[PDB]
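Structural description and commentary
Listed below are the residues making up each chain.
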Amino acid sequence: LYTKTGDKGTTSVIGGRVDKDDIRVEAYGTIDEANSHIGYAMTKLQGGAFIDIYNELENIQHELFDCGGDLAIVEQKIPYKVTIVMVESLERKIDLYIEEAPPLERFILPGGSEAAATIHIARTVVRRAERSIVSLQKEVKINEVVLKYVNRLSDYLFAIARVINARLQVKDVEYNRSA
Amino acid sequence: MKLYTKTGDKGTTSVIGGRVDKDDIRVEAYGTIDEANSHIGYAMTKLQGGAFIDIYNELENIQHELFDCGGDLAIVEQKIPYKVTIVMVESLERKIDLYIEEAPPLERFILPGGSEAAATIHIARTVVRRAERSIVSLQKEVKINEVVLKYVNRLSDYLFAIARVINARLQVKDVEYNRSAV
Amino acid sequence: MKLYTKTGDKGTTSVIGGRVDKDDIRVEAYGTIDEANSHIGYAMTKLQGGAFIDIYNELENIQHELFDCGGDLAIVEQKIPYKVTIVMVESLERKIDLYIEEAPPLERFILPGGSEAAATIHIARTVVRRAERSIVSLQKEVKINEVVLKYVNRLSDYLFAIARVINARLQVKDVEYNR
Ligand SMILES: Nc1ncnc2c1ncn2[C@@H]1O[C@H](COP(=O)(O)OP(=O)(O)OP(=O)(O)O)[C@@H](O)[C@H]1O
Ligand SMILES: Nc1ncnc2c1ncn2[C@@H]1O[C@H](COP(=O)(O)OP(=O)(O)OP(=O)(O)O)[C@@H](O)[C@H]1O
Ligand SMILES: Nc1ncnc2c1ncn2[C@@H]1O[C@H](COP(=O)(O)OP(=O)(O)OP(=O)(O)O)[C@@H](O)[C@H]1O
Ligand SMILES: [Mg+2]
Ligand SMILES: [Mg+2]
Ligand SMILES: [Mg+2]
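Residues numbered from 1 in each chain as written, not as in the entry; some residues may be left out. Chains lettered and ligands numbered in written order. Heavy atoms only, no water.

Method of determination, as given in the entry header: X-ray crystallography; reported resolution: 2.000 Å.

Below you can see the structure in the form of structure tokens.
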């Protein structure tokens with residue numbers, strides 16, 4: 001598993017090698033970090049009551065993995081994998097879950113059920129990856145669809161976090177000092 | 001009620017009093033505060049027992065103060081009064097002395113972990129400190145509510161303190177760094 | 001006592017051999033090692049089974065070694081002796097060889113997830129790799145104990161290897177990229 005070729009700080013990317021602190025590798029790594037959190041959250045959504053959300057998450061892990069591949073491409077040796085079609089799929093689901101969840105009355109704070117809490121954490125990591133992608137874009141040309149996808153994904157995560165709390169008979173945690 | 005507007009699909013976003021790139025140090029500080037807040041929210045799910053009523057309510061309040069920190073940090077040129085005050089920082093200090101007093105004597109570095117609850121608080125602790133580094137960067141570019149830096153600095157001590165109390169109440173002994181002379 | 005001294009309220013803090021701003025790359029590397037160590041601490045709570053005493057015990061040791069990594073990185077101009085040596089890196093290598101042998105043959109690309117224990121280890125893996133990127137950035141500004149870079153590099157491989165062994169022992173298949 002270990003080749004030791006990266007022991008000095010450089011690593012391999014599609015079409016070349018770069019320093020491990022290259023913004024391209026930071027973006028790629030944070031996408032991986034975000035994908036890991038979704039993997040954890042998924043171990044809490046295996047029940048029948050969450051088949052819909054769980055299957056979508058499995059697919060999202062593949063798409064997130066594809067985002068990584070699209071970003072770690074110094075020399076375009078292959079077309080991009082992430083397409084606008086995948087963003088629209090996220091959009092259709094977000095509309096469905098916003099309809100399912102109760103009306104949003106107050107500002108939401110991350111937390112509630114264990115499952116929703118983990119999804120809330122994954123959401124913040126996805127947002128941190130988005131900032132890295134924005135930085136990357138400032139230096140090199142990127143698959144702009146990846147930025148739209150990661151941007152839309154945190155909204156999807158926000159949507160299901162609320163649906164998850166609702167299904168589990170737990171109210172969302174709200175910003176409310178009158179409570 | 002439609003979450004996505006797509007206005008941020010190109011990398012820019014809104015802040016209080018203007019628009020900036022999503023990788024602006026300001027948005028990063030704000031985002032990391034949110035990240036820290038999410039870890040505290042997860043940790044809380046493990047602290048609803050009757051043995052942690054005091055800590056749970058404090059974390060509940062802290063989620064609000066942390067959210068307020070993000071609001072103060074996302075304010076450009078200050079169109080509204082800041083929300084984070086020294087009073088909230090002092091409240092943190094009084095609790096820390098209380099928890100240090102409750103926990104067994106601390107004489108050396110300890111491994112972060114133990115109980116599931118304390119482990120999560122320890123992670124939240126590191127994310128808060130990460131947020132602190134971003135706030136420090138922010139302050140070098142623009143004027144901020146300096147109280148927010150004090151609060152974030154002090155909050156990680158609070159988290160360190162309750163993590164040890166949680167393990168203690170759960171009878172999980174701290175593991176001291178094996179470099180015994182440190 | 002007073003855990004807080006308030007000397008850091010203005011944005012500066014001390015390292016071994018001086019004081020610097022908290023956003024200095026040295027403090028960031030140090031901080032991210034602490035973050036990675038904390039994630040390992042959480043993962044360990046999921047590996048308390050009698051079937052995981054070996055992995056748990058090795059992770060506990062790694063936590064001490066991560067503290068050594070932290071200390072080494074905080075040393076300004078070799079104010080004091082470095083503690084992380086090549087011996088610890090090779091120790092990781094031997095365990096990796098053993099775990100690759102234990103786990104089933106790796107055929108497809110793995111996505112982070114599976115058993116909750118493995119899922120949490122995968123997350124810790126990404127944080128370790130994030131810590132590595134900061135160390136690489138630090139090394140570009142100052143001379144560091146190069147062995148810490150090798151250790152942190154090899155560490156993520158160790159974590160990846162035990163994640164798979166953990167799923168295997170729990171009789172859970174690894175989540176693989178497959179659509
Ligand atoms: N610290 C890191 N953060 C994010 N991505 C990384 C990091 N290190 C490597 N990668 C990416 O992940 C892939 C595989 O990782 P791996 O650790 O095998 O690379 P390496 O460190 O260069 O090799 P080695 O582990 O043998 O030293 C590489 O193609 C590289 O682009
Ligand atoms: N990636 C990010 N990290 C941290 N904070 C963000 C990020 N994106 C947006 N924000 C902040 O959070 C708030 C709401 O997030 P939201 O995602 O709705 O913004 P946006 O991305 O600009 O809009 P849209 O999602 O419709 O494209 C904004 O006011 C913005 O300042
Ligand atoms: N935000 C941070 N991220 C990473 N490492 C830090 C951070 N703040 C401090 N450190 C490091 O950890 C050590 C102890 O942390 P501590 O918070 O006690 O320092 P401080 O903030 O300077 O002091 P005080 O908390 O009394 O203001 C210091 O030696 C410092 O190098
Ligand atoms: Mg957005
Ligand atoms: Mg401090
Ligand atoms: Mg490596």
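Time to look at the site of ligand 1. In the vicinity of ligand 1 there are 18 residues, among which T3, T11, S12 and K20 of chain A together with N153 of chain C approach most closely. Near ligand 1, residues from chains A and C are present, making the site a shared one. Contacts to ligand 1 include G6 of chain A, whose backbone N or O atom sits 2.9 Å from an oxygen atom. The separation between an oxygen atom of ligand 1 and a polar side-chain atom of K20 of chain A is 2.9 Å. Relative to its unbound accessible surface of 600 Å², ligand 1 loses 83% to contact with the protein. (Near = heavy atom within 4 Å. Polar contact = N/O pair within 3.5 Å; in protein donor to acceptor, adjacent residues only side chain to side chain. Areas by Shrake-Rupley, 256 points an atom, 1.4 Å probe, with all protein chains shown as cover.)

Let us now look at the pattern of salt bridges. Here the structure, examined in full by the defined rule, presents 55 salt bridges over all chains. Notably, a salt bridge pairs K4 of chain A with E93 of chain C, separated by 3.7 Å at the nearest N-O pair. On the criterion of chain membership, the pair formed by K4 of chain A in the segment before β1 (10–13) and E93 of chain C in helix α3 (residues 86–102) is interchain, its members lying in two chains. Of the residues examined, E93 of chain C reaches a relative accessible area of 9% and is grouped as buried. Across the salt bridge formed by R164 of chain B and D174 of chain B, the nearest N and O atoms sit 3.3 Å from each other. (Salt bridge = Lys/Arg side-chain N within 4 Å of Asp/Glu carboxyl O. Helix = DSSP H or I, 4+ residues; strand = E, 2+ residues; numbered from the N terminus. Buried < 20%, exposed > 50% of the residue type's maximum accessible area, 1.4 Å probe, protein only.)

What follows is about the UniProt feature "binding site: ATP" (unreviewed entry) in chain C. Residues annotated by UniProt as "binding site: ATP" (unreviewed entry) correspond here to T5, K6, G8, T13, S14, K22, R129, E132, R133 and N153 of chain C. An extended arrangement is adopted by the annotated residues: their sequence extent is 149 residues, and the largest C-alpha distance between any two is 35.1 Å. Tracing the chain through its elements places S14 of chain C in strand β1 (residues 12–15). With respect to the helices and strands, the residue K22 of chain C is situated in the loop between β2 (18–21) and α1 (25–45). Every residue in contact with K22 of chain C, bar those within four places of it in the chain, is listed here: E132, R133, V136 and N153 of chain B together with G8, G11, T12, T13 and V27 of chain C. For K22 of chain C, the side chain forms a polar contact with the side chain of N153 of chain B, separated by 2.6 Å. (UniProt positions renumbered as here; feature names shortened; annotations may be inferred. Contact = heavy atoms within 4.5 Å.)

Here the structure, examined in full by the defined rule, presents twelve aromatic pairs over all chains. An angle of 75° between the planes, with centres 6.1 Å apart, marks the rings of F107 of chain A and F67 of chain B as edge-to-face. In this pair, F107 of chain A is assigned in the loop between α3 (84–100) and β3 (108–109) and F67 of chain B in helix α2 (residues 53–73), connecting two distinct chains. Note on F107 of chain A: relative accessible area 62%, which makes it exposed. Since its relative accessible area comes to 29%, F67 of chain B is described here as partly exposed. Grouped by ring-pair contacts, the aromatic residues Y40 of chain A, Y42 of chain B together with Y42 of chain C constitute a single cluster. (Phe/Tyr/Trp six-rings, centres within 6.5 Å; stacked < 30°, edge-to-face > 60°.)

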